[PDB]
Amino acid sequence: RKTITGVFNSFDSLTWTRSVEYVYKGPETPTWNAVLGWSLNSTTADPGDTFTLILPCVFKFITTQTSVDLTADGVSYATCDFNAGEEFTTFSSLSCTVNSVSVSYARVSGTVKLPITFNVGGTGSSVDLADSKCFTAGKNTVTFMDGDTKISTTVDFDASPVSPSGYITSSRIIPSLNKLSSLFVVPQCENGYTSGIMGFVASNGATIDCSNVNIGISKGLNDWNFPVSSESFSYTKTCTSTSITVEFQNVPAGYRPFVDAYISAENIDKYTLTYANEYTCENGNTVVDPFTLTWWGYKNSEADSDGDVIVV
C-alpha cells in the first residue's frame, strides 16, 4: 500500500569490465557494475510496499533480465524491475516491490550488483544532448537517488582517445526497441565548411529507420566526441530504408555537422555501414573519403544480490 524510501543506502563500488571488443574504455562502454547496499526492516516495510531507485545519466542495463531480486541465502525479499532511460529519459530506474515471504524476518541487509552503461551523448536527440553534459573526463561523483536520499561514489572516466579532427562514428543498441542508433560526425574544417555530403548505406541484414533521424550542427564536441548541441543549417535529406544521405551548404567555424539514424538489423549483433564522407572546407578542396565499418554487439551480464537476514 505505501512507498518506502531509503532502501538503497550505500553506493559501494563502480567497476568497469570489458564486455565488447574494439571500443575504448569510457562511460558508455559495456559494462560498468554498480554495487549498492540495500536493507529492509519488517517493522517499517510490508509485502506489497514499493520503492524506486533513480539512476541519473544511465542509458540502460546490460542484461536481458526483466527484473532482479533482492535476495539473501536464496530467499527473495523484493523484486526490482529494470526501466532503462534509453532515448526516452535522461535517467534509468528500478521500480521495486517488497515480496511476501514464507517465514517472518526482523530485518535483512545486503548488496546488489547492477550492470549499466552511462549516457554521455550519441545522437542529436533531446535526451542525448542533455546527457552530453552529464560527466567530464577524469574524476566524477556518480549519484543515485532513493526518494530524497542520495547515494554516491567516485569514479575515473577516461576520455575518448580518438582524435576529434577526423570523422567520428558510434553505434548504440537500444534494447527495448531491438534497434541501434548510429552516428556519423563529419571531419573537422576549422574555419568552417562550404558544403558536404554525410550519411551511410546499410548492407543487407540491416535497414535504416527514416522515422528516427537527427541532423544538426553542434558547437564543438564533448570529451567522447559527441554532439553537445543541434542547430539548424541548409541541407537536403534523402532517406530510404537502405541509405541516408544529407547534402549540406555552409557551416560556420566551430560547428560540426552530423547525422544519426535508428537501424533495424536482422542480427542486432552484426551489421555493416558504408559511409559517404564528402566535405569541402572553406579555403579548401573537396575531400571524398568513403569507408566501411562492421559493427559488433556486446555481451550481456546478470544482476545479482546477496545479504544476511536477522530473524525475530
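Quick note: we count residues from 1 along the sequence shown, nothing fancier.
In this entry, the higher average B-factor at the C-alpha atoms falls on 196-204, of the pair 196-204 and 84-92. Stretch comparison (14-22 versus 286-294) by mean CA B-factor in the PDB entry places 286-294 on top.
The PDB entry assigns its highest CA temperature factor, among 274, 31, 63, 41, to 41. Each of 223, 128, 190, 156 has a CA temperature factor in the record; the biggest one is found at 190. Among the modelled residues of its chain, residue 102 has a C-alpha B-factor that falls in the highest third, as given in the PDB entry. When the modelled residues of the chain are ordered by C-alpha B-factor, residue 120 sits in the lowest third.
Sort the chain's modelled residues by C-alpha temperature factor and residue 175 lands in the lowest third, per the entry. In the deposited entry, the Cα temperature factor of residue 139 places it in the middle third of its chain's modelled residues. Among the modelled residues of the chain, residue 183 sits in the lowest third by CA temperature factor in this PDB entry.
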